[PDB]
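Inspection log for the structure reproduced underneath, given as structure tokens.
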Amino acid sequence: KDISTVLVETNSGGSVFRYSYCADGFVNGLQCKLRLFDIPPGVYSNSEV
Amino acid sequence: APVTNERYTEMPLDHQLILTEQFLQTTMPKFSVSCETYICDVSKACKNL
Ligand SMILES: *[C@@H]1O[C@H](CO)[C@@H](O)[C@H](O)[C@H]1NC(C)=O
Ligand SMILES: *[C@@H]1O[C@H](CO)[C@@H](O)[C@H](O)[C@H]1NC(C)=O
Ligand SMILES: *[C@@H]1O[C@H](CO)[C@@H](O)[C@H](O)[C@H]1NC(C)=O
């Protein structure tokens, strides 16, 4: 129906192997904010709506 | 100065207090900018460009 803005990991050959759509949940929203997939604990500033 | 070989040293007869207020700038508000949403708003046609 509409656009998506998914995060993409990629292995040594340039091939994608993990992903996470940004609108599936809430935690992957800030995964799409700061380009890190399994984000460590901490305060993360300035996440928009 | 350290005194020797006696001389006509002048000494003060009375002092006065002097307040010398001295401003040293030490803080500024920490910022968390987001250039993706500053330079262009909710328009997606910026963010792919
Ligand atoms: C990608 O990361 C893995 C993990 O260390 C490494 O073995 C591999 O060599 C890396 N790919 C390249 C092209 O350096
Ligand atoms: C102490 O000695 C110095 C050098 O010998 C001299 O100039 C000075 O006048 C002497 N002090 C007095 C009080 O004479
Ligand atoms: C020197 O300082 C003292 C203390 O403030 C004051 O009473 C006195 O008048 C001053 N002398 C002159 C010549 O201003």
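By order of appearance in the structure tokens: chains A, B, ..., then residues from 1 within every chain, and ligands from 1 in the order shown.
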| field | Nearby residues, ligand 3, 7 Å, only C-alpha atoms and all ligand atoms, as a ChimeraX atom specification | value | /B:14-16
Selection to disk with C-alpha atoms, as a CSV table (one decimal), in the first residue's frame:
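Listing of result-v4.csv after writing:
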```
chain,number,residue,atom,x,y,z
B,14,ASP,CA,45.7,51.2,55.7
B,15,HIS,CA,44.0,49.0,53.2
B,16,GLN,CA,40.5,48.7,51.8
```
| query | Could you write out as a PyMOL selection string the residues of chain A within 9 Å of chain B, counting only C-alpha atoms? | reply | chain A and resi 45-48
Using only N, CA, C and O atoms, please write the residues we just selected to a file, as an mmCIF file, in the first residue's frame.
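Final output, result_10.cif:
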```
data_model
loop_
_atom_site.group_PDB
_atom_site.id
_atom_site.type_symbol
_atom_site.label_atom_id
_atom_site.label_comp_id
_atom_site.auth_asym_id
_atom_site.auth_seq_id
_atom_site.Cartn_x
_atom_site.Cartn_y
_atom_site.Cartn_z
ATOM 1 N N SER A 45 18.464 9.891 22.913
ATOM 2 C CA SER A 45 17.842 11.197 22.857
ATOM 3 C C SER A 45 17.158 11.422 21.522
ATOM 4 O O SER A 45 17.503 10.802 20.517
ATOM 5 N N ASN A 46 16.164 12.312 21.560
ATOM 6 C CA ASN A 46 15.658 13.026 20.394
ATOM 7 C C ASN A 46 15.013 12.086 19.381
ATOM 8 O O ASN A 46 15.323 12.113 18.188
ATOM 9 N N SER A 47 14.124 11.222 19.844
ATOM 10 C CA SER A 47 13.421 10.344 18.920
ATOM 11 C C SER A 47 12.061 10.969 18.620
ATOM 12 O O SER A 47 11.302 11.354 19.507
ATOM 13 N N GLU A 48 11.764 11.075 17.330
ATOM 14 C CA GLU A 48 10.686 11.931 16.851
ATOM 15 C C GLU A 48 9.360 11.185 16.801
ATOM 16 O O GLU A 48 9.295 9.974 17.006
#
```
| said: Which residues are near ligand 1 - at most 12 Å, using only C-alpha atoms and all ligand atoms? Format: as a PyMOL selection string. | reply: chain A and resi 9-15
Using N, CA and C atoms, can you write the selected residues to a file as a CSV table (one decimal), in the first residue's frame?
```csv
chain,number,residue,atom,x,y,z
A,9,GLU,N,20.8,-5.1,7.7
A,9,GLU,CA,22.2,-5.5,7.9
A,9,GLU,C,22.7,-6.2,6.7
A,10,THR,N,24.0,-6.3,6.6
A,10,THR,CA,24.6,-7.0,5.4
A,10,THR,C,26.0,-7.6,5.8
A,11,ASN,N,26.2,-8.8,5.2
A,11,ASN,CA,27.3,-9.6,5.5
A,11,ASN,C,28.5,-9.3,4.7
A,12,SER,N,29.6,-10.1,4.7
A,12,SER,CA,30.9,-9.8,4.1
A,12,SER,C,30.8,-9.7,2.6
A,13,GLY,N,29.8,-10.4,2.0
A,13,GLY,CA,29.7,-10.3,0.6
A,13,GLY,C,28.7,-9.3,0.1
A,14,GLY,N,28.3,-8.3,1.0
A,14,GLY,CA,27.3,-7.3,0.6
A,14,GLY,C,25.9,-7.8,0.6
A,15,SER,N,25.6,-9.1,0.9
A,15,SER,CA,24.3,-9.6,0.9
A,15,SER,C,23.6,-9.3,2.2
```
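Each residue with an atom within 9 Å of any atom of ligand 2 appears in the list, which was built counting only C-alpha atoms and all ligand atoms: residues 4, 5, 6 and 7 of chain B.
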| remark: What separates CA of residue 36 in chain B and CA of residue 40 in chain A is a distance of 23.1 Å
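The two atoms in question, CA of residue 25 in chain A and CA of residue 43 in chain B, are spaced 22.2 Å apart.
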